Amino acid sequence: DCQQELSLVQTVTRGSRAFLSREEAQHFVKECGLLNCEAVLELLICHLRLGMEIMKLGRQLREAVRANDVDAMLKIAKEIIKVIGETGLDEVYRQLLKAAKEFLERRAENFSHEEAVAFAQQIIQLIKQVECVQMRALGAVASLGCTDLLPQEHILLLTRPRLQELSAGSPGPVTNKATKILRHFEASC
């Protein structure tokens, strides 16, 4: 069922750790076997694309706070809503969707400048938690990729375009981790 795979993906991406525990990785692999493994991998890839767009908006929102451009803060908060609301569900990023809409809804009233910065920093703090979501989604891809559930060439076909976009991004944990996963998938083939 399509709902059970979404519940599996939102569960494995849920946690304070940027790395899956062995029990979380094993349970994720076993539950993928009970569901459609390709449908699970596509949900992770969609999560990885949304997370990449969120961080780029998170960087721009940082510059908006430094430049004290309230209009730029509202424009970016609106783009966070658009990219999240369009791409599938949003149980992960649920708080980010609330704070962005709340920031955008108070625009209907005469809201203060210190009040606008507080929302931007609240959105910036929540976007830092998105970095952990991507590291978890990349870990679920690696756990599924290091198994025989899908052919290695088929695993590479599904994940290479997204893994390349992550590897080309700015340096950091998600860039180095996606590069390492892409190396292993390409080398196995």
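When you see a residue number, it is the position in the sequence shown, counting from 1.
Stretches compared: 138-146, 125-133. Higher mean C-alpha B-factor in the entry: 125-133. Just going by the entry, 177-185 versus 164-172 on mean CA temperature factor gives the higher value to 164-172. The entry assigns its greatest Cα B factor, within the set 53, 153, 42, 63, to 63. Among the modelled residues of its chain, residue 80 has a C-alpha B-factor that falls in the lowest third, as given in the PDB entry.
In the deposited entry, the Cα temperature factor of residue 27 places it in the lowest third of its chain's modelled residues.
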